[PDB]
RNA sequence: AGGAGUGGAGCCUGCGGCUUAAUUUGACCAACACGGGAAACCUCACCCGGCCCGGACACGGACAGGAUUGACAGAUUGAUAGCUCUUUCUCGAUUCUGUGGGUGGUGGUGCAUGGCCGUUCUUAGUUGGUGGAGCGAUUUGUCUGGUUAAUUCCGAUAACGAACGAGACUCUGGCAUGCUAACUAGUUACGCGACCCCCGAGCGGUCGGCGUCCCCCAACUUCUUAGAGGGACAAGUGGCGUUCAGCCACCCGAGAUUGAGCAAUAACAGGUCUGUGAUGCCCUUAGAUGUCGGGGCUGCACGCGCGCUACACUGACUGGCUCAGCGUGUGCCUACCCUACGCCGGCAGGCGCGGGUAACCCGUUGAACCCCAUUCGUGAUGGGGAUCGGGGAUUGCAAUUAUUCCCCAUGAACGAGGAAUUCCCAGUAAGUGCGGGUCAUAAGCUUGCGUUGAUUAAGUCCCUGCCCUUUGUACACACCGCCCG
RNA sequence: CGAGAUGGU
């Protein structure tokens, strides 16, 4: 279907971010966050909605696939040690982020 | 047939009949070494001649399979009783028939023999039988989860023109 | 008889076509003879894949 | 091609009632028989087979699309 | 019920007499052709022959929307019992070919 | 009209059994291709829409129209703002 | 068992299907063939059609 | 160098975005009138509801005062689904029930595969054996030069002798008054026969003119069909060529380039699991991801692609005259074909009665542009025909979100199109209409056929690309590469 | 000898 970059490289399998994108909520050890700044080297600064800011890192599965950006909404996994640091699990589209807030899942802080 | 059908429909329907008969015989007589069917007509009677390498398997213990095949050919295609006869005939020069060599390579692979040992086994027998050349190809998941192919060739081989 | 079809099984590629045909040939011969002897001569050399049909009066 | 969202008026099938075999004959005296429920006026069903009695109808269970009398 | 016993006997007697069966893969046609006239549908023929195959009493083949079935020695033994025929009968195929 | 007379029976039952000088109860149906006959005037019908029944009070001006002409299968469109890919200039590079 | 278990099928794509493989799309009605277009290219030589031009 | 355009207008149709219960989905030069994809139902996969088993076979249980099957009426229901509830007849070992196990699926993965197709790539390219050269990856053969559409030939030569592609080959077009021979094809002529005209030397005639008017037990094969052979070779003459291989002009001739099919080695994470009883693994399997009723695929601020009709006088309208070629036709489950002639109606259409399984009947296939005469008069006009009101037929089980067709009325934008950009060298481009496919109903698409018939070239490497050789490199994921502060 | 940078699948 429609490309949205432009290049020779048709050598991959297509992204298909479609159909049964079943909505995901927290388990234990997770938080929702908004991206505040993006740094070099595959890392970023993020704020979760109960107010603890963290330095955050892209998991190896999301490299060069799920492009994160400033003010974007993400799902983050906490560490049982080293509480200043965390890793990204998912990105929510602006269509999914409004459904989280419609289920009352997010405080009235997140931008959409 | 209360009034006869037109020649365009008649010549197409006679070709559709030979195609379905060849498919039925192909999958009934595969291990029994089938390679072709021929059909001929005479007043009140149709004779079907069938070619195979091991003709005793086409007959069975006292001709049982010729009687069973005569019954189902009559039952399916709507011939009247006793107007159909089946004759088995032995294939001459079986090394120069491509269908008998494709089936014997299939059963040799299905028994678990290694691919190159099997393929050079038929390549030798075709060239010893007196062909001017041949080409054997196998393709799919040969050794690993990513697909491959092999070509085996000997002698002369044309590709273009009539 | 003619049939013209797309070559592709699935609808992708540049748009090529196949052109199949079949040709049919027909003849007539008329005789001045008894009904008993057309049955003799219309029974030899007819071994190949040729239709033969005969009608008892048309002339 | 999805997970399934369920209905809530659930039955698999009904249950067919269980009853003892025969109450359409009576012995009244030694060697005296009565037939308690009637045969329908019919070609094949004319003997040994009986019409039901309902509160306002007589009905043949064998000829089931028809053979109903309104009393 | 799968079918009336009147139907089930009429399939087995035609199979035992002829030695073979043929039917097309279509559950909707109201009558099987040939000596299965006098009312049995070909759905009953397909379902009957499937039950006879999983017992080992017939062989099966298929091409271009048609089934083909052949009777075998264990099935001859079972049908001669089920139909109560004399032990000496073999009505379908016997004479040696030349 | 083989077994399409059943609606006309249910409509004339509802016209008969209504309280004096008050409207009948609804009869609800799938029959969208029924023509409005002069028997059907001053009657309540629920006409199926692909998921729900919409009620109609049959005015005499409706005569000769279909029942399906008064119960519509979709919502009128009103637009939200265009998305990515809607124009040639809209392209995204990471 | 139900009495209403079928709908009319006396014309259109509900009536007809391929004689080899039961498919309903892209079939050939010409000269009484009734094959699917992919099944025709497979059997054309055995039926007796050829290409010259 | 030029021709017809496309991009601008209205409408048709495919795609994105938005909207929605659903607007099912694949594909981004080599996707977008493509899936032979013209969806009323079916097709059908999507959305809202409801019946059904079409759960083989094995083991255990239950069971001939009986395992189980079917149903009238009232309530219920979109429904005449005994689906379910109340009631009480009916069938007869075929089922039911628990466990194990199967079976089906237009479900998922084309980045697990087979088969098929497209593309690199329409160009001239590719490879062993024995011998020679290098420690080796590799190389020569497969070439300095000339010649050709061509790795086509000549010749040269540490190589010799071969294989595939090219070419040959198959179908097709143009020629035969020579051959074979026709009541399912014609001509000529007369025994003649018949209607009409005197226009004709001359009468109303032997004799003339006109004929798809009619017999032949007349003669024949020019015109039609289609079998066998024939014919063209750079063969002849003049120039140019390491005088070879070839190239240019001209005579004679139907003809000195007719047009297609088939096509190598090695590749691509190209497309297809939605063509298949081709198929691995995964998922689901009775409150089913295996049948009926209704809805959607057509929804509309907006961006893009292939097309149809036009902006008029080299025209539009109303009469009159006169010419084609390729094809299809009573459906074998599946239930329908092509039509002459007569009558009724303005029209679409209706009734009656015949022929055709086809060189036999529709049919001498009375095609359109074009040709001859008339009316309008430079006016958004008698150019253009979008949009919209009212009425009448035909298909079908059903036409509203208008199936298609006929009639009166209404009368938009548009006055030759910005930056850009496509196809084409002779019976070709463009104009013009007719068959086949799909089809119960129906082309603004596509695949073939005839008819009218030009302007400009006979060249080049400039722009975009392809082939071969020499050359440089920090590239090999191969310039859409790699890399510095 | 006009101007001609850059590179998610």
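Using the numbering of Swiss-Prot, the residues shown for chain D are 82-152, in order.
Cβ atoms here come from the backbone N, Cα and C positions, even for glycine.
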Feature zinc finger in Swiss-Prot, mapped to one of the ranges D:97-120, D:121-144: D:121-144
Cβ contacts of residue D:107 (ubiquitin cross-link) (under 8 Å, same chain, 6 or more positions away): D:114, D:115, D:117
Modified residues listed as D:104, D:113, D:152, least Cβ neighbours within 10 Å: D:152
Helix-strand-coil residue split for the zinc finger (D:121-144), DSSP-based: 0 helix, 6 strand, 18 coil
